[PDB]
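S.K.: Sequence unavailable; structure follows:
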Ligand SMILES: O=c1ccncn1CCO
Ligand SMILES: [Zn+2]
């Protein structure tokens, strides 16, 4: 589990979105595993605006933050998980690291702020859904 709290937006994995999230929907994309909903209180996170390929992510299944190198956001084939079939996922970044299904929502951050959230795992890789292209998260 995990979210990004930027302004009056809550960014979650689409597959973990709650009824309250869908009842307050701003934007969702199944191909990216992302959903954004509205919040009453302002959030403590800043979104990275950059093309960094090094950062640190939080891994709940280890209680640890790991420094990683990661690929630029791509369209990637993902094998079946407990929450999705084998499919193509867009705006995905891969690193070598530990990721189980419950690690989804862990933040990846660089020197500029929050890059994305854990979205995929297995075979010794961790995939992150990028949010740095979502410039509208910073305004209105
Ligand atoms: O801090 C750690 C590290 C590894 N396993 C457990 N704990 C306790 C709280 O979950
Ligand atoms: Zn950066």
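M.R.: Yes, it's here. Numbers count the residues shown, from 1 in each chain. Ligands and ions are numbered 1, 2, ... in the order given.

S.K.: And the strands in this structure?
M.R.: Listed in chain order, the strands of the chain (DSSP state E) span 3-6, 9-13, 25-29, 34-38, 54-59, 64-69, 74-78, 87-96, 107-110, 113-120, 125-130.

S.K.: what residues does the chain put near ligand 2?
M.R.: When proximity is defined as C-beta under 5 Å from the ion, the chain approaches ligand 2 at 48, 50, 52, 110, 112. Where C-beta positions appear, they are placed from N, C-alpha and C, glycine not excepted.

S.K.: what sits opposite the most centrally placed residue in the chain in the beta ladder?
M.R.: The structure's the chain has its C-alpha centroid closest to residue 117; by C-alpha atoms, centre = their mean the separation is 2.1 Å. Bridge pairing for residue 117 (DSSP bridges) gives the partners residue 107, residue 129.

S.K.: Could you pull up the residues touching it?
M.R.: By C-beta atoms under 8 Å, 6 or more residues apart in numbering, the residues touching residue 117 are 2-4, 11-13, 104-108, 128-129, 131.
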